[PDB]
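Novice: Fold the following and give me the result.
(7 chains, ligands or ions: 18)
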Amino acid sequence: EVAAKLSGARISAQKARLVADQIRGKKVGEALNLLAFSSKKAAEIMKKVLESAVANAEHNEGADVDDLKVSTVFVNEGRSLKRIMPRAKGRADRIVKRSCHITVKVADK
Amino acid sequence: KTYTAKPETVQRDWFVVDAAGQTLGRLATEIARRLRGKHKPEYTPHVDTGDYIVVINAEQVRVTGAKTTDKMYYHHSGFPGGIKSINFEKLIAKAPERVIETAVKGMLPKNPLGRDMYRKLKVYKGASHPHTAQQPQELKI
Amino acid sequence: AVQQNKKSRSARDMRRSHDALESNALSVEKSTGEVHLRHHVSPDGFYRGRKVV
Amino acid sequence: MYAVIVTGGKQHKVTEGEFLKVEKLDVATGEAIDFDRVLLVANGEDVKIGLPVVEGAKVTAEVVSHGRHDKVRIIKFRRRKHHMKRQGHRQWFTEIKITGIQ
Amino acid sequence: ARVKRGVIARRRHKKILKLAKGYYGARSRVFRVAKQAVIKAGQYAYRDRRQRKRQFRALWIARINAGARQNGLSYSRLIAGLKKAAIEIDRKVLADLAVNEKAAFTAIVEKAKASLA
RNA sequence: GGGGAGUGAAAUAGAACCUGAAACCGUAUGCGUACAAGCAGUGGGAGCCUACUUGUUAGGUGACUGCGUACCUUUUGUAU
RNA sequence: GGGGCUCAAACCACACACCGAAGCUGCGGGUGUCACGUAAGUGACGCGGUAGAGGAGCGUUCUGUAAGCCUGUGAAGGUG
Ligand SMILES: [Mg+2]
Ligand SMILES: [Mg+2]
Ligand SMILES: [Mg+2]
Ligand SMILES: [Mg+2]
Ligand SMILES: [Mg+2]
Ligand SMILES: [Mg+2]
Ligand SMILES: [Mg+2]
Ligand SMILES: [Mg+2]
Ligand SMILES: [Mg+2]
Ligand SMILES: [Mg+2]
Ligand SMILES: [Mg+2]
Ligand SMILES: [Mg+2]
Ligand SMILES: [Mg+2]
Ligand SMILES: [Mg+2]
Ligand SMILES: [Mg+2]
Ligand SMILES: [Mg+2]
Ligand SMILES: [Mg+2]
Ligand SMILES: [Mg+2]
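Specialist: Numbers count the residues shown, from 1 in each chain, chains lettered A, B, ... in the order given. Ligands and ions are numbered 1, 2, ... in the order given. Dropping the coordinates below:
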């Protein structure tokens, strides 16, 4: 097996859990077709990672792009940037701006 | 340590009761004793070991004194002002089999074992039962 | 108004169980061998085997 | 072959080849112990019980080991009254082994 | 001599959170809830050492009672029958003979009837 | 941003860099839950699982069932 | 308290039997005071407890003993 990462990615964690669960346990032929037509922000980022995990299995190993079945997809959480935003009657409140860590791991078994 | 029964090594039998003049709550205290399993030496409380019962005349049953024209059976419906009542005599011509089931149901635990002891009771308002395959023996002669 | 007790890990995860996805209306073009969506123009410009754009 | 011997203020269901945990008694390890406090002796079907006790019958045992088992806890707490008190306990025992039902 | 208390506070927290594992929810992972559920689970373990002795005694009696009716007595007349003589067999080792050694139990019941009590 | 390759005693020492805990969030593996009412534990306890030294042992789950109205402070008095 | 109860599963006389607490007894441990049997080589009757009075201990950091002793075959920590 070979891996790939994207540590630092502007979409939040919980919004991008809904795309990881859709493809966990499929073959990478049709996994690149669910993400070519999904209408969500996380899907353009996860396909950029899924084709980076394949091109490592072709160059660093001798694994063909056919027998790969995507094994372990998990989305961790990363640093959050803290900012303020004013509200009415003087009181101001605080906004977080989240990110995540994605790790797509394909296996040639 | 003391012996407990096991649910996959249990022996259960088939009894048939004739209610043809029996007093309602004195009949029903002997059904509810033998559904729970107080007549067996290997009685354990947490698992169930009792005998199936078939009752063959749920309309010949007898109550004592002036209770035939009394003894309302109240129950509520959920809606406001939905209290309902029916006495003993008018109920026994509508559904005779539900007189003798609600007397036994209130003499059992209110557990999910009580709901499982209640499924071994099988009453009939007729004169014969569709359990000739199981061949119930007679008790309480 | 506000709550009076916080919601546990169970009653928070049970809410988001009705929330999944699907887009499986895919189709293989007979001529070009290109994958697209059912009743849509293919990303090269073919609909039922005919160039339109 | 099953007897009813009375060891420590309580009696047991002792067979011919039992290991058995008894409360602690004053004898060393390896020595043999007789029991003259048997209450019913059965054999096959041939069972007899005592008038208060059974005459002549003996049970021979010997000590395997000693020890202390299973530390338990005690908490004496009172709500709202500023009082809490703890303590531990490990009870002794004596494991024996039964040879013959005389 | 300034003492900082951040290393001996931790050993006493891990000692609580070890007795309190296997519990539902936040009772097994945060400390201000898991201290209440160790004291409460120690009071129950103190009361139920007494109630253990009451739940088997009430189980031995209800097995002698079922076994001795099948031979032709009750429970309460059997105990008066055995104490006319002195058979001196307790409840733990009568409810063993009721289930397993059923033929030796019948040889006891006939002697309580012969005791005419 | 990663996957190699090289430096180094050691890159899960890679510059947001010694050690790197708790709350919080995940991913795998085992066992239990969709006809059953409550301070969520305790006493008894079926079954299943793993390692065993092959199981009158150990570990993990706990169907079923008896008793059970949190902690502190103020009070003559609090599940309140 | 509920099912249910009519020569009663109600009331009055009456008789035995059983059940029933952490109560008493049995067995096993532990401590307090006094007495002695050089007063532990030792018996007796005691051991619910708030405010409060009396007795006896654990651990942390620094100093003496420390120019000692332990440690790169691996310290302090973190985790089983
Ligand atoms: Mg302003
Ligand atoms: Mg090198
Ligand atoms: Mg490390
Ligand atoms: Mg390092
Ligand atoms: Mg950091
Ligand atoms: Mg250094
Ligand atoms: Mg670091
Ligand atoms: Mg989870
Ligand atoms: Mg509920
Ligand atoms: Mg209820
Ligand atoms: Mg006061
Ligand atoms: Mg309140
Ligand atoms: Mg009379
Ligand atoms: Mg008692
Ligand atoms: Mg006492
Ligand atoms: Mg005291
Ligand atoms: Mg130090
Ligand atoms: Mg270490």
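Novice: Name the helix or strand for residue D:24, please.
Specialist: Using DSSP states H and E, residue D:24 maps to neither a helix nor a strand.
Novice: Same question for residue E:112.
Specialist: Judged by DSSP H and E, residue E:112 forms part of helix E:102-114.
Novice: which outside residues touch that helix?
Specialist: Identification of contacts with helix E:102-114 by C-beta atoms under 8 Å, 6 or more residues apart in numbering or on different chains yields B:41, D:40, D:42, D:45, D:47, D:49, E:67-68, E:71-73, E:77-78, E:81-82, E:84-85, E:87, E:89, E:94, E:97-98. Quick note: C-beta positions are derived from backbone N, CA and C, even for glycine.
Novice: Buried subset of these as a ChimeraX selection?
Specialist: Buried residues within those, by 16 or more other C-beta atoms under 10 Å in any protein chain shown, are selected in ChimeraX with:
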select /B:41 /D:40,42,47,49 /E:67,68,73,78,81,82,85,87,89,94,97,98
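Novice: where does the nearest residue to residue D:14 once chain neighbours are set aside land in three-state SS?
Specialist: Counting by C-beta to C-beta, 6 or more residues apart in numbering or on different chains, residue D:14 lies nearest to residue D:3, which is 5.0 Å off, once chain neighbours are set aside. Classification of residue D:3 using DSSP: H, G, I helix; E, B strand; the rest coil returns strand.
Novice: In contact with residue D:3, which residues?
Specialist: By C-beta under 8 Å, 6+ apart, the contact set of residue D:3 is D:14, D:38, D:39, D:40, D:41, D:42, D:57, D:59, D:101.
Novice: List the beta-bridge partners for the fourth one.
Specialist: To tie it back to what came earlier, the one meant is residue D:40. For residue D:40, the beta-bridge partners under DSSP bridges are residue D:49.
Novice: any idea how far residue D:8 is from it?
Specialist: To residue D:8, residue D:40 is 19 Å away according to C-beta to C-beta, to the nearest Å.
Novice: now swap in the third one and tell me
Specialist: Here the distance between residue D:39 and residue D:8 works out to 15 Å (C-beta to C-beta).
Novice: near chain C, which residues of chain A?
Specialist: Within chain A, the positions adjacent to chain C are A:18, A:19, A:21, A:22, A:33, A:34, A:36, A:37, A:38, A:39, A:40 by C-beta under 8 Å from any C-beta of the partner chain.
Novice: Assign the residue nearest the centre of chain C to helix, strand or coil.
Specialist: For chain C, the residue nearest the mean C-alpha position is residue C:23 (2.6 Å; C-alpha atoms, centre = their mean). Taking three-state DSSP as the rule, one finds residue C:23 in the coil state.
Novice: Make sure it is actually in contact with residue A:36.
Specialist: No: counting by C-beta atoms under 8 Å, residue C:23 stays clear of residue A:36, with 9.8 Å between them.
Novice: give me every residue that touches the single nearest residue of chain B relative to chain E.
Specialist: Ranking the residues of chain B by distance to chain E (C-beta to the nearest C-beta) places residue B:41 first, at 4.1 Å. Shown in contact with residue B:41 (C-beta under 8 Å, 6+ apart): E:63, E:66, E:67, E:70, E:98, E:99, E:102.
Novice: closest point of chain C to chain B, which residue?
Specialist: residue C:10 (22.5 Å).
Novice: Report the contact partners of the closest residue to RNA strand F within chain D.
Specialist: Relative to RNA strand F, the nearest point of chain D is residue D:19 (3.0 Å; C-beta to the nearest atom of the strand). Contact analysis of residue D:19 by C-beta under 8 Å, 6+ apart lists D:64, D:95, D:96, D:97.
Novice: and the first one, what element?
Specialist: Right, the one you point to is residue D:64. Assigned by DSSP H and E, residue D:64 falls in strand D:59-78.
Novice: and if you look at residue A:45?
Specialist: helix A:41-59.
Novice: Flag every residue of chain A that's near RNA strand F.
Specialist: By C-beta under 7 Å from any atom of the strand, the residues of chain A that approach RNA strand F are A:2-8, A:13, A:17, A:21, A:24, A:52, A:56, A:59-60, A:72, A:74-79.
Novice: Filter these down to just the ones in strands.
Specialist: Among the residues of chain A next to RNA strand F, DSSP state E puts A:2, A:3, A:4, A:5, A:6, A:7, A:72, A:74, A:75, A:76, A:77 in strands.
Novice: all strands of chain E, in order?
Specialist: Taking DSSP E, chain E contains no strands at all.
Novice: Looking at it, which residue is nearest chain B?
Specialist: In chain E, the residue found nearest to chain B is residue E:67; the distance is 4.1 Å by C-beta to the nearest C-beta.
Novice: how about stretch A:94-103: buried residues?
Specialist: Within stretch A:94-103, the residues scored as buried using 16+ other C-beta under 10 Å are A:98, A:99, A:100, A:101, A:102, A:103.
Novice: would you put the C-alpha positions of that stretch in CSV?
Specialist: Output of stretch A:94-103 as CSV, limited to C-alpha atoms (Å, rounded to 0.1, in the frame of the first residue of the first chain):
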residue,chain,number,x,y,z
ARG,A,94,-15.7,35.5,17.8
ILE,A,95,-15.5,33.4,14.6
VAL,A,96,-13.4,30.3,14.0
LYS,A,97,-12.2,29.3,10.5
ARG,A,98,-11.5,25.6,10.3
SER,A,99,-9.4,23.3,8.2
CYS,A,100,-8.6,19.5,8.1
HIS,A,101,-6.2,16.7,7.3
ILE,A,102,-7.1,14.2,4.6
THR,A,103,-5.4,10.8,4.1
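Novice: what residues does it touch?
Specialist: A:3-13, A:16, A:20, A:45-46, A:49, A:72-85.
Novice: can you check stretch D:87-95 too?
Specialist: D:19-25, D:63-74, D:76.
Novice: at 6 Å what do you get?
Specialist: The contact list for stretch D:87-95, computed with C-beta atoms under 6 Å, 6 or more residues apart in numbering or on different chains, reads D:21, D:22, D:24, D:25, D:64, D:65, D:66, D:68, D:69, D:71, D:72, D:74.
Novice: If any of those residues are buried, put those into a PyMOL selection.
Specialist: Buried subset of the contacts of stretch D:87-95, written as a PyMOL selection, criterion 16+ other C-beta under 10 Å:
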select buried, chain D and resi 22
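Novice: What is the nearest of the contacts of stretch D:87-95 to residue B:134?
Specialist: Closest approach between these and residue B:134, by C-beta to C-beta: residue D:21, at 47.0 Å.
Novice: Pairing partners for the host helix or strand of the closest one, with directions?
Specialist: Using DSSP H and E, residue D:21 sits within strand D:19-22. Strand D:19-22 has its sheet partners listed here by DSSP bridges as strand D:83-101 (antiparallel).
Novice: quick revisit: partner residues bridging the residue nearest to residue D:14?
Specialist: Counting by DSSP bridges, residue D:3 forms beta bridges with residue D:14, residue D:41.
Novice: In three-state terms, how would residue B:131 be classified?
Specialist: coil.
Novice: Count the residues that sit near residue E:34.
Specialist: 19 (other C-beta atoms under 10 Å in any protein chain shown).
Novice: can you tell me which residues contact it?
Specialist: E:17, E:20, E:27.
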